[PDB]
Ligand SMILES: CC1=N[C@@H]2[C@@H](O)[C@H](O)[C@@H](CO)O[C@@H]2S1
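Take a look at this single chain in structure tokens; it is the form deposited without the named molecule.
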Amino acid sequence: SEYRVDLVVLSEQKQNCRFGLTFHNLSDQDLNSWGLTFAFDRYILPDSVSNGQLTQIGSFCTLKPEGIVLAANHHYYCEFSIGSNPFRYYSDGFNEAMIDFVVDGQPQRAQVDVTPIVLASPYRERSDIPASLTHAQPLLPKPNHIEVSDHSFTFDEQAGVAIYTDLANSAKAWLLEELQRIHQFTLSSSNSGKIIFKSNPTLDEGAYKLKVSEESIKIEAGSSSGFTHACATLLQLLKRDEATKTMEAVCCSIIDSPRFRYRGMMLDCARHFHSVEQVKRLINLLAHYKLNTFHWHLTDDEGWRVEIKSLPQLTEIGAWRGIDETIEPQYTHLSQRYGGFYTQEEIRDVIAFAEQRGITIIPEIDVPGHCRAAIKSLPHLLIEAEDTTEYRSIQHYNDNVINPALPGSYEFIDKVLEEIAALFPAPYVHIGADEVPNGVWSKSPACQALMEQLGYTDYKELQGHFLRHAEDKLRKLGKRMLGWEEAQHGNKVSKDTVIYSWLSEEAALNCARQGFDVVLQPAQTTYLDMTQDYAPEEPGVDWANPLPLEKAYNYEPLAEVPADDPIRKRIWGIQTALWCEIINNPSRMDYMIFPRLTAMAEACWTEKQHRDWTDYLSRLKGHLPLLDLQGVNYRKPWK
């Protein structure tokens, strides 16, 4: 390109970084009435900008220069600062840049080459995974009881699969589907088959037995999920022999059951849209590691991804962003129209696909904050034009909070929650309920009136009025409300609202003892957007620290909470999350999720006493070839 932008660290002190920004006109003609636009995921301090006017809306930054012309071969220099500690990674720099300009009274655009940032203080350390042997049974998660014998069962495509209970129907169909998809091994269902599915009603939900004899395999379970898990194990246990068209399983006795009931994964689809094809692909992979819940985060400030038939603007407007759209670009795709949404038909198809693998889908509708896409889609319904309140969200927005005095806000939430409740069969809806920015609604006339009506003195308490409505609406719709961390404080919600705790384990147990059911999703150990290593080339974010494989594996949930403790009745289980601020490609998503998803899965399933880092590594090492057969772009632990 003819245009280039170089960003450099000029100074690093306690909670302050200063940068030099040089823009280079390397074209042969002058730039007239020009402006620099770029994406940057840190809040630039407004007082800091030394030579031009900066506006910032989220990641979308625009720098208007003082001078009206930048001559050919000339340079424009600007300094700015951020409130942060040193950058350790190249992704902390500008993701993208472009210029707007005028040649002969006509508006023009051009992409700018962004030079990688010159870091001052990259990490010197590196996470090193020791050399590992290859475990003969590469099982992830580790079964709680496995006893291996000296012989093996070798079978061809006519071995046959027998089924003596309808509870095993979906598991059986999934096993055959996967053996076809992965290995091209076609097993047929036979009444006299060598692979047997048998009912055993003494076994608990999710539990199974799996015994490989010399000339047969017997799977026992008392639940549909039981049979599904046995089939996930069996997929990992089988070794295909390419010389023949045969499969081999080691003779062994497996008795297994889940440590936790809720074993989930959250995917952020609002930040970047991931196709139906990638969601299905990911959902199937979750079932390989015995997870049972897909938490679909479908809305946020940067996008609305779920078709609401009664409010079609939420997708027609809210699902798209860019320069020529209502919603400004964010993170990536600075110059393109970026977006997409899931149709209700697509969502039904994903739901049906997920239940074939024992996966429940929990939809999330973020309110009253994290609501910019909604608000920008429905301004006549959601904007109070007379509201002058100056506030700032954590993602540095001043216009992203639903107004709880406007009747349109209740028309919005009711219509959305009605269609979500009918579409999603799971008896749970996640409502977001992040704490709103401080002093929000304080200079809203409509809210002043509602405060007087309800007799509240503090404006914070209106979010509890809004959330109580959402909760009661969902109750009438046969749904139980779910919320994030901060929903527990104040009287915001009832004790039937399930809390997804990300602060700490100590805090989650605090929340549990107040009466709430809780899901553990601690940001320090389960956020797969975090970098996997200290090298500055590594993709990801680091705000909650880098999350190397070993750190991920050392997450031992409820380690000091005794086996028979009454508080464990309130722990639903564990969740791991993928936030997608900087994840827009399937390739990059595979990279962040794998191999750490397997460590998370093992924390969810395997009892603490059967967990071991060395043993895990050997099982992961033997599992890597199976991920290659499926073309999963995992991060190689040994490179």
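When you see a residue number, it is the position in the sequence shown, counting from 1. Whichever C-alpha set is largest while still superposing within 1.5 Å between the two forms counts as the rigid core.
As listed in the deposited structure, the average C-alpha B-factor of 517-525 and of 555-563 is greater for 555-563. Once the C-alpha B-factors are averaged per stretch, 89-97 and 69-77 rank with 69-77 first.
Of the candidates 225, 330, 531, 453, it is 453 whose Cα B-factor is highest according to the PDB record. Per the deposited coordinates, the residue with the largest Cα temperature factor out of 508, 352, 433, 159 is 159. When all modelled residues of the chain are sorted by CA temperature factor, residue 575 is found within the lowest third.
Per the PDB record, residue ranking by Cα B-factor puts residue 54 in the middle third of the chain. For residue 290, the recorded CA B-factor ranks within the lowest third of the chain. Only modelled residues enter the ranking. Among the modelled residues of the chain, residue 581 sits in the lowest third by CA temperature factor in this PDB entry. Residue 64: CA B factor in the highest third of modelled residues in this chain (values from the PDB entry).
Beyond the structure shown, there is the form solved in complex with the named molecule, which is absent from this document and is the topic of what follows.
The named molecule in the bound PDB entry is approached by residue 271, whose closest heavy atom lies within 4.5 angstroms of it. Residue 581 belongs to the set of residues with a heavy atom inside 4.5 Å of the named molecule in the bound PDB entry. The shortest heavy atom separation between residue 351 and the named molecule in the bound PDB entry exceeds 4.5 Å. Using a 4.5 angstroms threshold between heavy atoms, residue 229 stays clear of the named molecule in the bound PDB entry. Interface residue among 157, 435, 355, 328 relative to the named molecule in the bound PDB entry, by the heavy atom within 4.5 Å criterion: 435. Of the residues given (238, 530, 401, 450), 530 alone sits with a heavy atom within 4.5 Å of the named molecule in the bound PDB entry.
The stretch that touches the named molecule in the bound PDB entry, counting heavy atoms within 4.5 Å, is 427-435, out of 281-289, 427-435, 97-105, 198-206. Heavy atoms of every residue among 395, 484 and 502 are located within 4.5 Å of the named molecule in the bound PDB entry.
Core superposition between the shown form and the other one leaves every listed residue (312, 562, 201, 425) with a C-alpha shift below 2 angstroms except 562. In this overlay on the rigid core, residue 281 has a C-alpha that sits less than 2 Å away from its partner position between the shown form and the other one.
A movement of the C-alpha atom of residue 83 falling short of 2 angstroms is seen between the shown form and the other one when the two forms are aligned on their rigid core.
A movement of the C-alpha atom of residue 130 falling short of 2 angstroms is seen between the shown form and the other one when the two forms are aligned on their rigid core. The gap between the Cα atoms of residue 225 and residue 564 is larger in the bound PDB entry, by no less than 3 Å, than in this form.
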